[PDB]
$ cat entry06.txt   # compact mmCIF, C-alpha atoms (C1' of nucleotides)
# COMPACT_ATOMS: atom_id res chain seq x y z
CA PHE K 1 -42.62 35.85 -19.78
CA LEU K 2 -42.58 32.60 -21.76
CA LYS K 3 -41.38 34.27 -24.98
CA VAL K 4 -37.82 35.15 -23.98
CA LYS K 5 -37.38 32.92 -20.94
CA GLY K 6 -38.70 29.70 -22.38
CA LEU K 7 -41.32 27.15 -21.45
CA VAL K 8 -38.85 24.34 -20.75
CA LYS K 9 -35.97 26.30 -19.22
CA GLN K 10 -35.49 24.08 -16.17
CA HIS K 11 -33.47 21.43 -17.97
CA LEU K 12 -31.72 24.04 -20.09
CA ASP K 13 -30.46 26.55 -17.51
CA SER K 14 -29.20 24.00 -14.99
CA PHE K 15 -27.32 22.40 -17.86
CA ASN K 16 -26.04 25.65 -19.38
CA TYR K 17 -25.08 26.63 -15.86
CA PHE K 18 -23.25 23.32 -15.45
CA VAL K 19 -21.01 23.36 -18.54
CA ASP K 20 -20.28 27.04 -18.15
CA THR K 21 -19.54 26.86 -14.44
CA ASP K 22 -19.50 23.74 -12.28
CA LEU K 23 -16.79 22.17 -14.42
CA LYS K 24 -14.56 25.13 -13.57
CA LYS K 25 -15.43 24.21 -10.00
CA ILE K 26 -14.90 20.43 -9.94
CA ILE K 27 -11.40 20.71 -11.34
CA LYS K 28 -10.77 23.67 -9.05
CA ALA K 29 -11.45 21.14 -6.31
CA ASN K 30 -8.92 18.58 -7.59
CA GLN K 31 -6.42 20.29 -9.86
CA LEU K 32 -3.33 18.40 -8.66
CA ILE K 33 -2.70 14.67 -8.88
CA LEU K 34 0.64 13.65 -7.43
CA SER K 35 1.93 10.18 -6.66
CA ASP K 36 4.14 9.24 -3.77
CA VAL K 37 7.42 8.93 -5.67
CA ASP K 38 9.82 11.20 -7.55
CA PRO K 39 9.13 14.25 -5.37
CA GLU K 40 9.40 16.39 -8.48
CA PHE K 41 6.25 15.85 -10.44
CA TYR K 42 2.86 17.42 -10.68
CA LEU K 43 -0.14 17.49 -12.98
CA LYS K 44 -1.98 20.79 -12.78
CA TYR K 45 -5.30 21.27 -14.53
CA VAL K 46 -6.27 24.79 -15.46
CA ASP K 47 -9.31 25.15 -17.72
CA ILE K 48 -12.21 23.02 -18.99
CA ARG K 49 -14.06 23.62 -22.24
CA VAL K 50 -16.66 21.74 -24.26
CA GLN O 1 30.55 27.15 20.28
CA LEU O 2 30.04 24.56 17.55
CA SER O 3 33.42 22.90 18.05
CA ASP O 4 33.83 23.63 21.77
CA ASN O 5 30.34 22.67 22.97
CA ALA O 6 30.45 19.91 20.36
CA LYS O 7 33.69 18.39 21.67
CA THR O 8 32.88 18.82 25.36
CA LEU O 9 29.32 17.62 24.79
CA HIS O 10 30.83 14.74 22.83
CA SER O 11 33.06 14.24 25.88
CA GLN O 12 30.18 13.29 28.18
CA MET O 13 28.93 10.88 25.50
CA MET O 14 32.26 9.21 24.72
CA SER O 15 33.01 9.04 28.46
CA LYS O 16 29.58 7.98 29.73
CA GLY O 17 26.62 9.57 27.97
CA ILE O 18 24.50 8.24 30.88
CA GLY O 19 24.26 4.98 28.95
CA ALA O 20 21.36 4.64 26.56
CA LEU O 21 18.71 6.19 28.85
CA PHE O 22 20.31 9.68 28.77
CA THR O 23 17.64 12.35 28.33
CA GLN O 24 17.92 16.10 27.85
CA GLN O 25 17.21 16.71 31.54
CA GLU O 26 20.20 14.43 32.13
CA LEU O 27 22.27 16.92 30.15
CA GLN O 28 21.29 19.65 32.61
CA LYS O 29 22.10 17.03 35.26
CA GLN O 30 25.68 17.15 33.96
CA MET O 31 25.96 20.44 32.03
CA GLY O 32 23.26 22.83 33.17
CA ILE O 33 25.53 25.74 32.32
CA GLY O 34 24.10 25.98 28.81
CA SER O 35 21.12 28.21 28.22
CA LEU O 36 17.99 26.63 26.76
CA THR O 37 18.60 27.52 23.11
CA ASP O 38 22.43 27.51 23.25
CA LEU O 39 22.61 23.83 24.17
CA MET O 40 19.69 22.97 21.85
CA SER O 41 20.93 24.94 18.84
CA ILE O 42 24.19 22.99 18.80
CA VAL O 43 22.24 19.82 19.59
CA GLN O 44 20.19 20.31 16.41
CA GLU O 45 23.26 21.26 14.37
CA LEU O 46 25.37 18.34 15.60
CA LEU O 47 22.58 16.00 14.57
CA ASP O 48 22.52 17.89 11.27
CA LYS O 49 26.33 17.56 11.41
CA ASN O 50 25.79 13.92 12.53
CA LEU O 51 27.71 14.31 15.80
CA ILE O 52 25.17 13.88 18.60
CA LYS O 53 22.71 11.00 18.32
CA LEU O 54 19.03 10.75 19.24
CA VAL O 55 16.86 7.74 20.10
CA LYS O 56 13.07 7.83 20.38
CA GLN O 57 11.93 5.92 23.49
CA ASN O 58 10.21 6.26 26.90
CA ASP O 59 10.12 9.92 28.02
CA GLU O 60 11.96 12.89 26.55
CA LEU O 61 14.50 11.56 24.00
CA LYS O 62 17.64 9.48 24.40
CA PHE O 63 21.04 10.67 23.19
CA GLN O 64 24.45 9.14 22.54
CA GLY O 65 27.72 10.16 20.92
CA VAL O 66 28.23 9.21 17.30
CA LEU O 67 30.86 6.70 16.22
CA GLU O 68 31.33 9.07 13.23
CA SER O 69 31.55 6.10 10.87
CA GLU O 70 27.77 5.72 10.99
CA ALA O 71 27.66 9.52 10.73
CA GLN O 72 29.30 9.88 7.31
CA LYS O 73 27.72 6.51 6.48
CA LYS O 74 24.15 7.81 6.70
CA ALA O 75 25.25 11.19 5.32
CA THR O 76 26.27 9.25 2.22
CA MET O 77 22.88 7.51 2.27
CA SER O 78 19.81 9.11 0.72
CA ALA O 79 17.00 10.82 2.61
CA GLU O 80 15.02 7.59 2.39
CA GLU O 81 17.48 5.48 4.39
CA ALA O 82 18.48 8.51 6.49
CA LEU O 83 15.47 7.70 8.63
CA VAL O 84 14.77 4.25 7.16
CA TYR O 85 18.24 2.81 7.71
CA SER O 86 18.46 4.62 11.06
CA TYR O 87 14.92 3.55 11.95
CA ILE O 88 15.91 -0.06 11.22
CA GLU O 89 19.25 0.05 13.01
CA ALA O 90 17.17 1.07 16.03
CA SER O 91 15.35 -2.27 15.75
CA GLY O 92 18.30 -3.81 17.58
CA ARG O 93 18.88 -7.55 17.86
CA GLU O 94 15.52 -8.79 16.55
CA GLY O 95 15.47 -6.53 13.50
CA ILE O 96 12.26 -5.46 11.81
CA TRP O 97 9.87 -6.85 9.23
CA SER O 98 9.45 -5.18 5.85
CA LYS O 99 5.78 -4.45 5.22
CA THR O 100 5.25 -2.97 8.69
CA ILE O 101 7.71 -0.24 7.69
CA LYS O 102 5.13 1.29 5.33
CA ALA O 103 2.64 1.95 8.12
CA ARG O 104 5.55 3.31 10.16
CA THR O 105 7.36 5.25 7.41
CA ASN O 106 4.29 6.16 5.29
CA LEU O 107 5.75 4.95 1.99
CA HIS O 108 5.04 2.47 -0.79
CA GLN O 109 6.71 -0.86 -1.09
CA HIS O 110 8.24 0.19 -4.42
CA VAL O 111 10.02 3.18 -2.87
CA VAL O 112 11.37 1.27 0.16
CA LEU O 113 12.58 -1.68 -1.93
CA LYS O 114 15.36 -0.11 -4.01
CA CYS O 115 17.00 1.50 -0.98
CA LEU O 116 16.85 -1.83 0.84
CA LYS O 117 18.62 -3.17 -2.25
CA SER O 118 21.27 -0.48 -1.79
CA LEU O 119 21.76 -1.42 1.86
CA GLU O 120 22.11 -4.98 0.59
CA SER O 121 24.90 -3.79 -1.70
CA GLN O 122 26.01 -1.58 1.19
CA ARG O 123 25.94 -4.77 3.32
CA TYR O 124 24.68 -2.96 6.39
CA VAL O 125 21.53 -5.14 6.31
CA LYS O 126 20.74 -8.75 5.50
CA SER O 127 17.54 -10.70 4.89
CA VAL O 128 16.95 -12.99 7.87
CA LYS O 129 14.57 -15.95 7.75
CA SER O 130 13.63 -16.70 11.35
CA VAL O 131 11.59 -19.38 13.13
CA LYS O 132 8.33 -17.70 12.11
CA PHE O 133 7.12 -18.24 8.59
CA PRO O 134 9.34 -17.42 5.58
CA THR O 135 6.98 -14.90 4.05
CA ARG O 136 8.69 -12.28 6.20
CA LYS O 137 12.30 -11.57 5.19
CA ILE O 138 12.71 -9.51 8.33
CA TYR O 139 15.72 -7.19 8.17
CA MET O 140 18.36 -6.44 10.77
CA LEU O 141 21.82 -4.92 10.67
CA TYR O 142 24.19 -7.10 8.69
CA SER O 143 26.60 -6.47 11.60
CA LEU O 144 24.81 -9.09 13.73
CA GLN O 145 22.77 -12.27 13.46
CA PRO O 146 20.92 -12.64 16.79
CA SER O 147 17.49 -14.25 17.01
CA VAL O 148 15.26 -16.50 19.01
CA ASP O 149 16.43 -19.83 17.55
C1' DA S 1 -39.84 -26.52 69.63
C1' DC S 2 -39.96 -21.17 66.64
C1' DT S 3 -37.62 -16.93 63.63
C1' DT S 4 -33.83 -15.57 60.02
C1' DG S 5 -30.96 -15.91 56.02
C1' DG S 6 -29.86 -17.61 52.18
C1' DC S 7 -31.01 -19.95 48.14
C1' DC S 8 -32.92 -21.82 44.06
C1' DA S 9 -36.63 -22.29 41.24
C1' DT S 10 -40.35 -20.04 38.78
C1' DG S 11 -43.44 -16.40 37.12
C1' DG S 12 -43.95 -12.08 34.96
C1' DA S 13 -42.10 -8.18 31.83
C1' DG S 14 -39.97 -5.32 29.41
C1' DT S 15 -36.59 -6.41 26.70
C1' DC S 16 -35.31 -7.49 21.26
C1' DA S 17 -36.70 -9.55 15.68
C1' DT S 18 -39.53 -12.21 10.71
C1' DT S 19 -42.91 -12.13 7.17
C1' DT S 20 -46.74 -10.62 4.81
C1' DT S 21 -49.04 -6.14 2.87
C1' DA S 22 -53.87 -7.41 -5.32
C1' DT S 23 -54.12 -8.60 -10.26
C1' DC S 24 -53.41 -8.79 -16.20
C1' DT S 25 -51.08 -5.91 -18.16
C1' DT S 26 -46.16 -5.25 -20.94
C1' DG S 27 -41.38 -4.14 -22.37
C1' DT S 28 -37.61 -4.26 -20.42
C1' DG S 29 -32.19 -5.29 -18.41
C1' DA S 30 -11.13 -13.48 -7.79
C1' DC S 31 -4.00 -10.29 -3.62
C1' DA S 32 0.50 -9.49 -3.65
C1' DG S 33 5.15 -10.48 -3.01
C1' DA S 34 8.53 -13.58 -3.93
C1' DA S 35 11.07 -17.67 -6.13
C1' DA S 36 12.38 -19.80 -9.37
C1' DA S 37 12.18 -21.08 -14.27
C1' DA S 38 12.46 -19.87 -18.30
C1' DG S 39 13.31 -17.21 -21.70
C1' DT S 40 15.06 -13.38 -24.33
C1' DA S 41 18.02 -8.80 -24.94
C1' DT S 42 22.89 -7.28 -25.32
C1' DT S 43 27.37 -6.88 -26.30
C1' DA S 44 31.18 -7.97 -30.26
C1' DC S 45 31.78 -9.23 -35.11
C1' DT S 46 31.60 -8.61 -41.39
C1' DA S 47 28.21 -7.42 -44.29
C1' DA S 48 26.07 -6.87 -48.58
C1' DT S 49 22.50 -3.38 -49.04
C1' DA S 50 18.17 0.72 -49.39
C1' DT S 51 15.98 3.87 -46.85
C1' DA S 52 15.54 7.27 -43.08
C1' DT S 53 17.31 11.12 -40.13
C1' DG S 54 20.05 14.89 -39.55
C1' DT S 55 23.17 18.33 -39.63
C1' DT S 56 25.62 20.74 -41.43
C1' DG S 57 27.45 22.53 -44.22
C1' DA S 58 29.15 23.58 -48.09
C1' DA S 59 28.43 25.07 -52.07
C1' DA S 60 25.34 27.35 -55.32
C1' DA S 61 21.72 31.11 -56.26
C1' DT L 1 20.11 33.83 -47.53
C1' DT L 2 18.32 29.82 -49.45
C1' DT L 3 18.55 25.63 -51.63
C1' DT L 4 21.33 22.31 -53.71
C1' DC L 5 24.00 18.69 -52.78
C1' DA L 6 25.93 15.95 -50.68
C1' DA L 7 28.03 13.81 -47.78
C1' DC L 8 28.50 11.86 -43.93
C1' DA L 9 27.17 9.18 -40.45
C1' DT L 10 24.25 6.12 -38.81
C1' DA L 11 20.70 2.42 -37.70
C1' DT L 12 18.56 -0.79 -40.28
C1' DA L 13 17.00 -7.39 -40.69
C1' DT L 14 20.52 -11.84 -41.82
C1' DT L 15 23.61 -15.22 -39.74
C1' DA L 16 25.76 -17.65 -36.29
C1' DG L 17 28.85 -18.15 -33.06
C1' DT L 18 29.47 -16.98 -28.14
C1' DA L 19 29.05 -16.00 -22.43
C1' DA L 20 27.68 -13.22 -19.75
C1' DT L 21 24.80 -10.24 -17.79
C1' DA L 22 20.73 -8.50 -17.16
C1' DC L 23 15.61 -8.37 -17.30
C1' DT L 24 11.67 -9.17 -17.57
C1' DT L 25 7.61 -12.29 -17.82
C1' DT L 26 5.62 -16.63 -16.47
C1' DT L 27 4.29 -20.45 -12.82
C1' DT L 28 3.41 -21.55 -7.96
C1' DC L 29 2.60 -20.32 -2.65
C1' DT L 30 1.22 -18.32 1.17
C1' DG L 31 0.30 -13.43 5.03
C1' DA L 32 -45.50 -1.46 9.70
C1' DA L 33 -47.56 -5.65 13.25
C1' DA L 34 -47.26 -9.07 15.66
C1' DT L 35 -45.78 -13.01 17.78
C1' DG L 36 -41.26 -15.45 18.85
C1' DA L 37 -37.70 -15.63 22.57
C1' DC L 38 -34.55 -13.60 26.38
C1' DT L 39 -33.16 -11.94 30.09
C1' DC L 40 -34.07 -9.64 34.22
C1' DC L 41 -36.44 -9.37 38.61
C1' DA L 42 -39.37 -10.88 42.84
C1' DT L 43 -41.58 -14.14 45.43
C1' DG L 44 -42.34 -18.99 47.40
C1' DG L 45 -40.66 -22.18 49.57
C1' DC L 46 -37.39 -25.02 51.69
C1' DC L 47 -33.44 -26.04 54.35
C1' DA L 48 -30.67 -24.48 58.21
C1' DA L 49 -28.79 -22.34 62.97
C1' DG L 50 -29.84 -19.49 66.99
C1' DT L 51 -33.55 -19.27 70.02
$ encode --input "entry06.txt" --output "structure tokens"
Amino acid sequence: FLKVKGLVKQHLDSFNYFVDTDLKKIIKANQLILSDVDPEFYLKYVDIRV
Amino acid sequence: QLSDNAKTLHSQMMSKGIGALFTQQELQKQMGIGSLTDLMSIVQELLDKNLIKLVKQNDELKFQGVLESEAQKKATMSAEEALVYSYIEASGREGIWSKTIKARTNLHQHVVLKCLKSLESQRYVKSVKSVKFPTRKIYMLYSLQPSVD
DNA sequence: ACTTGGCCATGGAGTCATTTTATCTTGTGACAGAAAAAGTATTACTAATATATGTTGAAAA
DNA sequence: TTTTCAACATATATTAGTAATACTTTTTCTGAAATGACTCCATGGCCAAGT
């Protein structure tokens, strides 16, 4: 049990789940910032990497 | 027909147009011959063709015949002023104050400024400093200068 | 003379609000929009330069 | 075709004239527990008119 899945895995997994996933969520929430002006503009995020 | 129903529907406006208070039911009061969409399709197009005229007040919507100078005038104007200039020329004698346009038009100040500058160069508007405090610069049609003192 | 109504004052009563709740530690840690003033950037000059940039292109390899 | 030249142009800081226009900055100028009170009600009593 402890050998492969480690003693202190709580702080690891949640982190390793964060960087590998919830970033690709947060930006998927707000991927477009657009002012009110110049009706042609947009700023479209796509991917996040660390 | 675009031209026929345009010219004969312009005829009731140029003749009477039931004053300012004319509503769409008042069109059926005069011409009820037109089917629902037939009269409304050419309504919409003649506003797109700037021939009929609409006013937003009371119940239903008011209508009047275009002077055709204001027609091509606003057609020359941008989409900003297209409502904004028309929205302001509906302010009538007392005009309107700038910053309250944003809550009405849902725009910045920066975006409404430059077109107001155009209408200044276009001379269809003028800054009016009235009895109330001169932080306002309320705007009315340059065509008139009415006020309360 | 003798009863009622209304009336105003007062007593309860169920209403809402202020300040405590232990030492010794011992690190730690100003709005904006506008006006006006003021000021500078241009846009013509020669004009000596020496880089840069390019493009192109022409000529050589 | 590539590389060479090279040439060819073109800004480039200097200096004043301008004068004029434009364009930005600046500097103002105002749209848990337990008492405290608090009100909300109910009666006592007093003053009065019909009796």
$ interface_residues --input "entry06.txt" --of "chain O" --to "chain S" --cutoff "12 Å" --atoms "only C-alpha atoms (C1' of nucleotides)" --output "list in words"
residues 98, 99, 109, 110, 113, 134, 135, 136 and 137 of chain O
$ write_last_selection --input "entry06.txt" --atoms "C-alpha atoms" --output "short mmCIF file (atom, residue, chain, number, x, y, z; two decimals), in the coordinates of the input"
data_model
loop_
_atom_site.label_atom_id
_atom_site.label_comp_id
_atom_site.auth_asym_id
_atom_site.auth_seq_id
_atom_site.Cartn_x
_atom_site.Cartn_y
_atom_site.Cartn_z
CA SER O 98 9.45 -5.18 5.85
CA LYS O 99 5.78 -4.45 5.22
CA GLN O 109 6.71 -0.86 -1.09
CA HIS O 110 8.24 0.19 -4.42
CA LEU O 113 12.58 -1.68 -1.93
CA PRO O 134 9.34 -17.42 5.58
CA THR O 135 6.98 -14.90 4.05
CA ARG O 136 8.69 -12.28 6.20
CA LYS O 137 12.30 -11.57 5.19
#
$ residues_around --input "entry06.txt" --residues "residue 18 in chain L" --least-positions-apart "6" --cutoff "12 Å" --atoms "all atoms listed in the file" --output "list in words"
residues 43, 44 and 45 of chain S
$ atom_distance --input "entry06.txt" --atom1 "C1' of residue 10 in chain S" --atom2 "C1' of residue 34 in chain L"
26.5 Å
$ axis_aligned_box --input "entry06.txt" --around "range 9-14 of chain L" --padding-each-side "3 Å" --output "AutoDock Vina command-line options"
--center_x 22.1 --center_y -1.3 --center_z -39.8 --size_x 16.2 --size_y 27.0 --size_z 10.1
$ atom_distance --input "entry06.txt" --atom1 "CA of residue 25 in chain O" --atom2 "CA of residue 105 in chain O"
28.5 Å
$ atom_distance --input "entry06.txt" --atom1 "CA of residue 112 in chain O" --atom2 "CA of residue 68 in chain O"
25.1 Å
$ residues_around --input "entry06.txt" --residues "residue 28 in chain O" --least-positions-apart "3" --cutoff "12 Å" --atoms "all atoms listed in the file" --output "number ranges by chain"
O: 9, 12, 18, 22-25, 31-36, 39-40
$ residues_near_point --input "entry06.txt" --point "(-34.9, -21.9, 69.9)" --cutoff "8 Å" --atoms "only C-alpha atoms (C1' of nucleotides)" --output "list in words"
residues 1 and 2 of chain S; 50 and 51 of chain L
$ interface_residues --input "entry06.txt" --of "chain O" --to "chain K" --cutoff "10 Å" --atoms "all atoms listed in the file" --output "NGL selection string"
:O and (106-108 or 110-111)
$ residues_around --input "entry06.txt" --residues "residue 41 in chain L" --least-positions-apart "3" --cutoff "12 Å" --atoms "only C-alpha atoms (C1' of nucleotides)" --output "PyMOL selection string"
chain S and resi 10-14
$ closest_atom_pairs --input "entry06.txt" --of "chain L" --to "chain O" --cutoff "12 Å" --atoms "only C-alpha atoms (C1' of nucleotides)" --output "tab-separated table"
residue	atom	partner	partner_atom	distance
L:29	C1'	O:135	CA	9.7
L:30	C1'	O:135	CA	7.3
L:31	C1'	O:135	CA	6.9
$ residues_around --input "entry06.txt" --residues "residue 2 in chain L" --least-positions-apart "6" --cutoff "12 Å" --atoms "only C-alpha atoms (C1' of nucleotides)" --output "list in words"
residues 59, 60 and 61 of chain S
$ write_last_selection --input "entry06.txt" --atoms "C-alpha atoms (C1' of nucleotides)" --output "compact mmCIF listing (two decimals), in the coordinates of the input"
# COMPACT_ATOMS: atom_id res chain seq x y z
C1' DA S 59 28.43 25.07 -52.07
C1' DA S 60 25.34 27.35 -55.32
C1' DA S 61 21.72 31.11 -56.26
$ residues_around --input "entry06.txt" --residues "residue 17 in chain S" --least-positions-apart "2" --cutoff "12 Å" --atoms "only C-alpha atoms (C1' of nucleotides)" --output "PDB file with C-alpha atoms (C1' of nucleotides), in the coordinates of the input"
ATOM      1  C1'  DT S  15     -36.590  -6.410  26.700  1.00  0.00           C
ATOM      2  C1'  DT S  19     -42.910 -12.130   7.170  1.00  0.00           C
TER       3       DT S  19
ATOM      4  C1'  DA L  33     -47.560  -5.650  13.250  1.00  0.00           C
ATOM      5  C1'  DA L  34     -47.260  -9.070  15.660  1.00  0.00           C
ATOM      6  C1'  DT L  35     -45.780 -13.010  17.780  1.00  0.00           C
ATOM      7  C1'  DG L  36     -41.260 -15.450  18.850  1.00  0.00           C
ATOM      8  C1'  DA L  37     -37.700 -15.630  22.570  1.00  0.00           C
ATOM      9  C1'  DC L  38     -34.550 -13.600  26.380  1.00  0.00           C
TER      10       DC L  38
END
$ decode --input "entry06.txt" --residues "chain S" --atoms "C-alpha atoms (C1' of nucleotides)" --output "JSON list (two decimals), in the first residue's frame"
[["chain", "number", "residue", "atom", "x", "y", "z"],
["S", 1, "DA", "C1'", -78.96, 62.84, 41.33],
["S", 2, "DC", "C1'", -76.81, 57.90, 38.42],
["S", 3, "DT", "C1'", -74.70, 55.13, 33.90],
["S", 4, "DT", "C1'", -71.71, 55.53, 29.41],
["S", 5, "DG", "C1'", -67.99, 56.90, 26.46],
["S", 6, "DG", "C1'", -64.07, 58.59, 25.72],
["S", 7, "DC", "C1'", -59.63, 59.71, 27.20],
["S", 8, "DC", "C1'", -55.15, 60.04, 29.11],
["S", 9, "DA", "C1'", -51.95, 58.39, 32.10],
["S", 10, "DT", "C1'", -49.52, 54.40, 33.86],
["S", 11, "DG", "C1'", -48.13, 49.59, 34.54],
["S", 12, "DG", "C1'", -46.60, 45.42, 32.57],
["S", 13, "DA", "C1'", -44.28, 42.69, 28.62],
["S", 14, "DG", "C1'", -42.52, 41.06, 25.04],
["S", 15, "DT", "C1'", -40.01, 43.45, 22.22],
["S", 16, "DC", "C1'", -34.63, 44.56, 20.77],
["S", 17, "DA", "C1'", -28.70, 45.19, 22.09],
["S", 18, "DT", "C1'", -23.13, 45.69, 25.03],
["S", 19, "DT", "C1'", -19.34, 43.66, 27.36],
["S", 20, "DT", "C1'", -16.88, 40.26, 29.58],
["S", 21, "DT", "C1'", -15.42, 35.08, 29.13],
["S", 22, "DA", "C1'", -6.71, 33.12, 32.63],
["S", 23, "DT", "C1'", -1.64, 33.61, 32.65],
["S", 24, "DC", "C1'", 4.16, 33.63, 31.20],
["S", 25, "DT", "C1'", 5.44, 32.12, 27.50],
["S", 26, "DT", "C1'", 7.61, 33.74, 22.50],
["S", 27, "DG", "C1'", 8.39, 35.02, 17.61],
["S", 28, "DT", "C1'", 6.13, 37.15, 14.71],
["S", 29, "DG", "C1'", 3.79, 40.89, 10.83],
["S", 30, "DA", "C1'", -7.45, 59.24, -1.81],
["S", 31, "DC", "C1'", -12.70, 60.34, -8.85],
["S", 32, "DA", "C1'", -13.22, 61.87, -13.13],
["S", 33, "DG", "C1'", -14.15, 65.08, -16.57],
["S", 34, "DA", "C1'", -13.11, 69.35, -18.16],
["S", 35, "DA", "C1'", -10.57, 73.96, -18.74],
["S", 36, "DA", "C1'", -7.20, 76.18, -19.37],
["S", 37, "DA", "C1'", -2.16, 76.78, -19.34],
["S", 38, "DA", "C1'", 1.60, 75.53, -20.80],
["S", 39, "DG", "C1'", 4.47, 73.36, -23.34],
["S", 40, "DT", "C1'", 6.32, 70.69, -27.09],
["S", 41, "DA", "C1'", 5.95, 68.13, -31.92],
["S", 42, "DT", "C1'", 5.63, 69.19, -36.92],
["S", 43, "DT", "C1'", 6.11, 70.97, -41.14],
["S", 44, "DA", "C1'", 9.81, 73.46, -44.54],
["S", 45, "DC", "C1'", 14.71, 74.44, -45.21],
["S", 46, "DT", "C1'", 20.82, 73.30, -46.33],
["S", 47, "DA", "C1'", 23.82, 70.35, -44.42],
["S", 48, "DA", "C1'", 28.17, 68.46, -43.50],
["S", 49, "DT", "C1'", 28.44, 63.64, -42.15],
["S", 50, "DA", "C1'", 28.58, 57.93, -40.42],
["S", 51, "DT", "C1'", 25.82, 54.32, -39.63],
["S", 52, "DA", "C1'", 21.65, 51.48, -40.29],
["S", 53, "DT", "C1'", 18.00, 49.27, -43.19],
["S", 54, "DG", "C1'", 16.60, 47.41, -47.28],
["S", 55, "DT", "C1'", 15.88, 45.95, -51.62],
["S", 56, "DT", "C1'", 17.05, 44.93, -55.18],
["S", 57, "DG", "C1'", 19.36, 44.04, -58.06],
["S", 58, "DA", "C1'", 22.85, 43.65, -60.63],
["S", 59, "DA", "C1'", 26.61, 41.67, -61.34],
["S", 60, "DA", "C1'", 29.76, 37.91, -60.26],
["S", 61, "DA", "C1'", 30.47, 32.78, -59.07]]
